[PDB]
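This document opens with one chain alone, in structure tokens, the form deposited in one PDB entry.
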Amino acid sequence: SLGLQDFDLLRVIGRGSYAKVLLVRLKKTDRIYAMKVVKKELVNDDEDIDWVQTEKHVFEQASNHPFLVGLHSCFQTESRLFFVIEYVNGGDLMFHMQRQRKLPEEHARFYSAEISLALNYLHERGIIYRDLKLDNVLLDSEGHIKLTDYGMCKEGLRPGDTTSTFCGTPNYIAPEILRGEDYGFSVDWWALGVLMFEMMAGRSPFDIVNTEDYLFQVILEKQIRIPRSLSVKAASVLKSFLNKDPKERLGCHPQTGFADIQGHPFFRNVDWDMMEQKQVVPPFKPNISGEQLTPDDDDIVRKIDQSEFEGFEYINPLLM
């Protein structure tokens, strides 16, 4: 099926330790896509045994939702896995906050709404995102958000289920994870609380003036206080999403969790349905505005365990 031959490696658009993301062009179609590349050796050594399976499953659910990147195709070389993904060209919230420094409540309200719809959808599908942060919140040309990089997702969580992996991006990691407690969807809502805080305050609730051990101490012990300039509505949601007790945290009620959010005074006057069909207009249009592969290690590749990657190839019959 697909392979590197069928593509033109245009540029690099993302680079972590585990994963690398390229901008690519499907030759025979002249369409542009984003490509996520990961060394299969690290997939075996660093990830849960069902990582490949969880990724494929998550992309499936994401193709049927407006605020989630969908999967075009994926293939494998001897040493790497390749995820060809719907391309988003509006940048991300981090880039936006970089120029904005601080967003009006209306803007944060909009974004946090769309983010909630994407999250609740994953939760409904028994999935925990587990890595919501500014730069994982992409923006399309129109100005709507899109969650990307599903590398941290947990799958198959039934009602009452609970997982126990310590993961995430330190600044956004929930207290219940820090305590080593079994957790569920609650971590995602805490993450949104932290993200909402950055949007409206212009800084993290845990900014300063063992560096990471100290950060974890701040999150667990230091009292979270909302700045005096924010409205009573805003102060509430922040404090509610940022409740260190998963049981008492906003959006975490097993039954009325997501209803409690939509009902929150902060989200008053929000048409969720129109929000979900993109019938609500974004407060910022990235358009009209603003401003190669590492060689394999033959001694490693030769001994790689290809088991988990058998039958990895795939193409989506419906263009995401």
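So that the term is clear: the rigid core is the largest set of C-alpha atoms that superpose within 1.5 Å between two forms. Numbering starts at 1 and follows the sequence shown.
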query: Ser240 coordinate gap across at least a third of other entries; finding: no
query: Absent coordinates for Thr169 in a third or more of other compared entries; finding: no
query: Continuity check for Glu291 and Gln292, given as deposited residues lacking coordinates between them; finding: 10 or more
query: Chain break class for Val209 to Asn210, judged by how many deposited residues have no coordinates; finding: 4 to 9
query: Stretch with the greater mean C-alpha B-factor as recorded in the entry, comparing 67-75 against 225-233; finding: 67-75
query: Stretch with the higher entry mean CA B-factor, where the candidates are 172-180 and 154-162; finding: 154-162
query: Member of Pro246, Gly202, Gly90, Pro104 with the greatest C-alpha B factor (per the PDB record); finding: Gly90
query: C-alpha B-factor winner, where the candidates are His264, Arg31, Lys36, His57; finding: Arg31
query: For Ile49, the third of its chain into which the C-alpha B factor falls; finding: middle
query: Record-listed C-alpha B factor of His144: chain third; finding: middle
query: Ranked against its chain, the third holding the CA B-factor of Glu114; finding: middle
query: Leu42 CA temperature factor, ranked by third within the chain; finding: lowest
query: Third of the chain, ranked by Cα B-factor, where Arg130 sits; finding: lowest
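Heads up, the form deposited with a partner chain bound isn't pictured, but that's what we're talking about next.
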| item | value |
| --- | --- |
| Candidate stretches 194-202, 230-238, 244-252, 114-122 - the one whose heavy atoms come within 4.5 Å of the partner chain in the entry with it bound | 194-202 |
| Non-hydrogen atom contact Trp51 with the partner chain in the entry with it bound at 4.5 angstroms | yes |
| Contact label in the entry with it bound: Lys133 to the partner chain, heavy atom within 4.5 Å | yes |
| Contact label in the entry with it bound: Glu60 to the partner chain, heavy atom within 4.5 Å | no |
| Proximity of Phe83 to the partner chain in the entry with it bound, heavy atoms at 4.5 Å | no |
| The partner chain in the entry with it bound reached by all of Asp188, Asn269 and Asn287, non-hydrogen atom within 4.5 Å | no |
| Listed residue (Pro104, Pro159, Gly156, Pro170) with a non-hydrogen atom within 4.5 angstroms of the partner chain in the entry with it bound | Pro170 |
| Rigid-core frame, C-alpha of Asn44, shift of 2 angstroms or more between this form and the one not shown | yes |
| Distance trend in the entry with it bound - C-alpha atoms of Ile49 and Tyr33, change of 3 Å or more | closer |
| Inter-Cα distance between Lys36 and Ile49 in the entry with it bound, nearer or further [3 Å or more] | closer |
